[PDB]
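# Fold and contact review
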Amino acid sequence: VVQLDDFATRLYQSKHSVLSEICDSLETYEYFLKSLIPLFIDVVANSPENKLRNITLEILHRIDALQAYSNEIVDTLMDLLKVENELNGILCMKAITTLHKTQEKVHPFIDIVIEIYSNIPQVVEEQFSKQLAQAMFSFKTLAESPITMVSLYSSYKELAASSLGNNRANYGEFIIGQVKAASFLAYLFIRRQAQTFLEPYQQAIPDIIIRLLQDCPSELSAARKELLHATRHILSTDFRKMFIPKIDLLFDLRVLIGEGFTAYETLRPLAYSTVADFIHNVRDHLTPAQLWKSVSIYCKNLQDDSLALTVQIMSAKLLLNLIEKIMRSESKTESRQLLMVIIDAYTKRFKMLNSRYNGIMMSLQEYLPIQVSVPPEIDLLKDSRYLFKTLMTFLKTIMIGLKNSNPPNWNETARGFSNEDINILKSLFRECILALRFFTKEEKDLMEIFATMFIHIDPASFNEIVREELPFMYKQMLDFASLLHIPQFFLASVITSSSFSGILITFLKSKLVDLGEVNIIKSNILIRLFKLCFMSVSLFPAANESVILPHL
Amino acid sequence: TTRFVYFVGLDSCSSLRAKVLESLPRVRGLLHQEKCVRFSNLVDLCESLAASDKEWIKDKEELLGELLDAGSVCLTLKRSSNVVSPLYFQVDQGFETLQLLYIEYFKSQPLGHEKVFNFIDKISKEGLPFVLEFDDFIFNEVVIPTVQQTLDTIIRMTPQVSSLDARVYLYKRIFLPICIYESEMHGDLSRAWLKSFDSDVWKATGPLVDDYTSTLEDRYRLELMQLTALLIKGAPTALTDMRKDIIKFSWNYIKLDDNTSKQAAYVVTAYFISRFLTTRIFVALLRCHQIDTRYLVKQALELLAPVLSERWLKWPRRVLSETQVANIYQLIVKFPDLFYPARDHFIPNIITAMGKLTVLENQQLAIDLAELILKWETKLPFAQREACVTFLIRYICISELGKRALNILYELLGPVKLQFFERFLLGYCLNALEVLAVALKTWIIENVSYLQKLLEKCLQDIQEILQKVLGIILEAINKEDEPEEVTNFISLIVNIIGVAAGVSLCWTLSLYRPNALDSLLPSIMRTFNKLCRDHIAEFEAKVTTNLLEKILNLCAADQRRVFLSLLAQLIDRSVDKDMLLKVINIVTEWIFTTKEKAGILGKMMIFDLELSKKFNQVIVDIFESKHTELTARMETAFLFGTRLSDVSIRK
């Protein structure tokens, strides 16, 4: 029997007896708990008596008399929460909470937890301990555990404590109390979605969260992560999502304060996800200057290669989300500048992707002695394929939105571009056709998307781009014949066929001279281009007869 | 002005280009007078001139500096975020085109002071260096006494006050690749950058390290840690003064408040100890930690444990005396499993702790803990072997990971509870595999005896696992009768059925003994399964056809009638590789039912119009060795083989 073993174990020396009892408990019912009480009875944290009491509490937590132990644990938790001293009751409070979860005194335990939470603001005011705030958070959790109606009073006490909260030892105690208040606010936010908030001011809790974000030092990385969790729980409530923008003027305050490298690593993905959802919800009310700030910071995040694939792709998702707000406003020339920056960022991303083509088939960072994170094992080729495919899908809608935003008959057809627009479009074509080299049906679909996104462009700018880049077209078909589909898709559409026929026929007439001596594969590509141009007139004779007649 | 740029770019207006070159000082005068004067226009003139003449840029360093200053002030003007679009791209194209001009001018001469001057200037510009050209130039620089002297200059002018944290980070991000690439071919990295590094870094950064603040220079701190670790790995530090400086350096960065940089300092200290008082560092490193800190502490533990023996396992056991951190302890007791005999008393306690903890990431940790417990029990001295076998059997029953657990259980049971696991679909398959593996190898004998229950009841894939277990157990017993009977029953069931379960049963029966129903050629059921396979040419039928039963059924003569049915079905059905091979073997054995052989020959002839070539080669061999309807069909086959395209058989 366990009780018999405990009795046998029981049968200056108090510390040794406590250690022996702890060892026996680690090595190994109501009777067992009953025999434990005399053992604890028989047997300033460094104080031997306090150490023995803590050892007994830990033994009780590891494992009638159980009711008395729970009552003593509740009393210790109440003392620890109310007063800075005797704060070593965290283990006792945890044991009492565990007992309440699984013995019929759950309601008195919740009442004691609520009383401790209500006395916590008094203790905080008197101090201005940290373990008292931790015990208050544990008591709030233990009160939230049952289905008792005291949850409203516990939430009111927690809100009062959070309002109250908003030397090296004093600084550490304040930081830990702030972390406990952050946990309490996270619990309150979790409970906020269920029912309407009873707090006097709904925005008071977001203001407290912002103030705590400002106050929390970079050393407390876990506290900042918990604040991030509270922020992501904020997105659940729509009314608070409406209240935040009038308070969250700065979208970058949370990152600037996180000057620690721990924050510099942890903040980016999850916090950017929080703002991604928030902006998705509140795109209507965003200031145009704030819209620029968001689009620019997410362009920079997408530009940075230190981030993972998920961060870049979600940034692209928010970019296509924001093109909605861009085109909903007036189609002024100033508005199109943001979309131009968007496509420039996309081109830069494609450039970085293309820069590592030979390496896939700098990236010498695997040999650093100290890695701050687990090295990714994702295959480079598959990641490149997925990233390029998804970015192409994004550009499809991006180009549709660009088409639906013609600036001043100009709106209907023949959109006007500036020299920088032609430069950036020629770049986009450059790196996109360079990325198509990554190498079936999926590639044919990608080329179809490319054709669709460039047919709707203004015919003059499209003609300029084709005229400037068709030598690179040919240089690329000389390597892989799969790129021959792009001219076919260009000639298939009636809009671009009339021009593309002329440009291609003049380029082929220029390069006809060397068709003879060149080897089989390159000549075959040349004849295939000629054949495609010759069915171009067959498909659409009305528009192609005039252009193809003189050269025959 | 852009038309003017293009016109200058064209080679026709050589006189115009020369006239513009005459006005080189004057054009910059108008710029000194942003909004009024476009920087992009003048820079575009610059690239047109540079493309026209390669010698042009060799003497434009003052011009490049003026352009850099103009770009800086234009960017500061363009950093306003009030109105929607004051940022106009022309300044951006000016920026990267100026970057290209700098790349060309740096290609002109190999001195590296101008690149770091550009880095000093670029503290305020948001635009990063161009991704392609600048990184290609850096790689060219990385890809020798000139390398050593460039590094010496780099380190000597590194602590310049004008440099800012981001540009210093980029500076170190470029400094590291040359170090590591040379380390790839290095012998000791002693080829004079470290000479100035002695005095220019650790002594210089004293006020910086003594900051005791977690701020943006954590990048500087971590790169210093990494560079010192790389230098230690190269190990050219013959002198001890720098060694003392580095140990004080590591202690001071242990003293920093920022946690992650602190575990980085412990990692550096562990590297220093490994290269050449450490008990306090070890016991401090055994303390609890979080994800970003657990990676660092576990790396430090892995690099520190092998060298701690000469500098011992009682302290970690004491720490365990008072989860994710428990998973870290499982790792740091699994790696020294080779050192377990040194700490004899630690092995049983560690095995017990692993067994208690073992009972996604959690699954992998549990599997690793079970393997560690089994290895520790095996290497500790028996009772430990039985305990390890029981724990591994329980793990396999809970749960290819299952195959690995079964193999571990068999290995532990090699040298009683394994019978219960063997006693009667992932769990059933794992139990069958464990029974088979234990039968192949005290607990091993009991599991072999009890594998009959697993074979009869695994608890399609489970049935296949049970049949394979029966076959393996019977083969091991051949080197009890219950595994042999179970294998025979499985073979009979598979042969009577005529999908993968039947094939596995046939293979296991063939491996166990040639006298099994599927293995034995004279067996009627195996030949019937082969006939069923030939009819449709159901994996049991294919396995029987591929086995010796179909090939040697003809020589057995019962199997003769089933072989005749197989030949008739193959003739009626389409030609298939397995069916054709079986028919050819049957005909060869029949020559050495007559109607069945005739049907096989006719099927081969139909398949002719490589398999028919092989059949005709067999016919050639038969005739070299050498019923009216048989003679007539032999006539037909002979003449058709004559008509065949192959030269050898025809000749």
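Residues numbered from 1 in each chain as written, not as in the entry; some residues may be left out. Chains lettered and ligands numbered in written order. Part of a larger assembly, values for the part shown. Heavy atoms only, no water. Residues with missing side-chain atoms left out of burial classes, pairs and counts.

Its PDB header attributes the entry to cryo-EM and lists the resolution as 3.4 Å.

Within chain B, the regular secondary structure consists of 38 helices and zero strands. For a compact globule of 651 residues, the expected C-alpha radius of gyration is about 26 Å, and chain B comes in at 40 Å, more than 25% above that figure. C-alpha extents for chain B along the principal axes are approximately 115 × 80 × 55 Å. (Helix = DSSP H or I, 4+ residues; strand = E, 2+ residues; numbered from the N terminus. Rg over C-alpha atoms; globule rule 2.2 N^0.38 Å.)

The secondary structure content of chain A amounts to 27 helices and zero strands. Summarising its shape, the C-alpha atoms of chain A cover approximately 110 × 50 × 45 Å along the three principal directions.

The next point concerns unusual backbone geometry. Unlike most non-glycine residues, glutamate 86 of chain A shows phi in positive territory, near 55°. By the element assignment, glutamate 86 of chain A lies in the loop between α5 (65-82) and α6 (90-101). The phi dihedral of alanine 235 of chain B falls on the positive side, at around 55°, and the residue is not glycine. Structurally, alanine 235 of chain B can be placed in the loop between α13 (218-234) and α14 (241-254).

The next point concerns the pattern of salt bridges. Oppositely charged side chains may form a pair once their charged atoms are brought near each other. Between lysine 54 of chain B and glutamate 55 of chain B there is a salt bridge, with the nearest N and O atoms lying 2.3 Å from each other. Residue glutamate 126 of chain B is joined to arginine 79 of chain B by a salt bridge in which the shortest nitrogen-to-oxygen separation is 3.3 Å. Here the residue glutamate 126 of chain B occupies a position in the loop between α7 (113-121) and α8 (131-142), and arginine 79 of chain B occupies one in the loop between α5 (61-78) and α6 (89-108), the gap between them amounting to 47 residues. Taken together, the shared-partner salt bridges in this structure form one network comprising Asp284, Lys325 and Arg328 of chain A. (Salt bridge = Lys/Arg side-chain N within 4 Å of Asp/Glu carboxyl O.)

Attention now goes to the interface of chain B and chain A. It is common to report an interface's size as the accessible area lost on association of the parts. Taken together, the contact between chain B and chain A spans 47 residues of the former and 34 residues of the latter. If you list the elements that add at least two residues to the side of chain B that touches chain A, you get α1 (2-9), α6, α8, α10 (165-185), α13, α15 (259-275) and α17 (291-304) of chain B. Among the elements that line the side of chain B that touches chain A, the one with the most residues is α13 of chain B, at eight residues. (Contact = heavy atoms within 4.5 Å.)

Attention now goes to the packing of aromatic side chains. Centre to centre, the rings of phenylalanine 239 of chain A and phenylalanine 243 of chain A are 6.2 Å apart; their planes meet at 80°, and the pair counts as edge-to-face. Of this pair, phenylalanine 239 of chain A and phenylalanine 243 of chain A both sit in helix α13 (residues 238-243), four residues apart, which is roughly one turn of that helix. Site record: aromatic cluster; members linked through ring pairs are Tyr102, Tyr105, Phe106 and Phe137 of chain B. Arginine 219 of chain B extends its terminal NZ or CZ atom over the ring of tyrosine 169 of chain B, reaching a point 4.0 Å from the ring centre. (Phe/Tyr/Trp six-rings, centres within 6.5 Å; stacked < 30°, edge-to-face > 60°. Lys NZ or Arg CZ within 6 Å of the ring centre and 35° of its normal.)

Here we take up the environment of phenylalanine 438 of chain A. Residue and element names in this part refer to chain A. Here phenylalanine 438 is to be found in the loop between α21 (419-435) and α22 (441-455). Separated by 22 residues in the primary sequence, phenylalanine 438 and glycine 416 have C-alpha atoms spaced 33 Å apart. The residues touching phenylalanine 438, leaving out its near neighbours within four places in the chain, are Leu353, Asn354, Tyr357, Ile360, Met361, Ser384, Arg385 and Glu443.

This part covers the packing of α17 of chain B against helix α19 (residues 324-334) of chain B. Residues and elements named next belong to chain B. Here α17 crosses α19 at 20°, and the two axes come no closer than 10 Å. Taken together, the axes of α17 and α19 are roughly parallel relative to one another. Crossing geometry of α17 relative to α19 is assigned as right-handed. Contacts from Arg294, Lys298 and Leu301 in α17 reach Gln324, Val325, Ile328 and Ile332 in α19. (Axes fitted to C-alpha atoms, helices over the stretch in contact; angles between N-to-C directions. Parallel < 35°, antiparallel > 145°, perpendicular 65-115°, else oblique. Left-handed = near helix turned anticlockwise from the far one by under 90°.)

This next bit is on the environment of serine 405 of chain A. Residues and elements named next belong to chain A. In this structure, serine 405 sits in the loop between α20 (380-403) and α21. Between the alpha carbons of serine 405 and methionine 362 there is a distance of 39 Å; along the sequence they are 43 residues apart. The residues touching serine 405, leaving out its near neighbours within four places in the chain, are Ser331 and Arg336. There is a polar contact of 2.8 Å between the side chain of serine 405 and the backbone oxygen of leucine 402. (Polar contact = N/O pair within 3.5 Å; in protein donor to acceptor, adjacent residues only side chain to side chain.)

Residue and element names in this part refer to chain A. Relative to each other, helix α24 (residues 485-492) and helix α25 (residues 494-511) sit at 125°, their axes nearing to 6 Å. With respect to α25, the element α24 is oriented oblique. Here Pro487, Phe490, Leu491 and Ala492 of α24 come into contact with α25, specifically with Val494, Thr496, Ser497, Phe500, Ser501 and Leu504. Split into classes, the residues belonging to the contact of α24 with α25 amount to seven nonpolar, three polar and no charged. (Nonpolar A, V, L, I, M, F, W, Y, C, P; charged D, E, K, R; others polar.)

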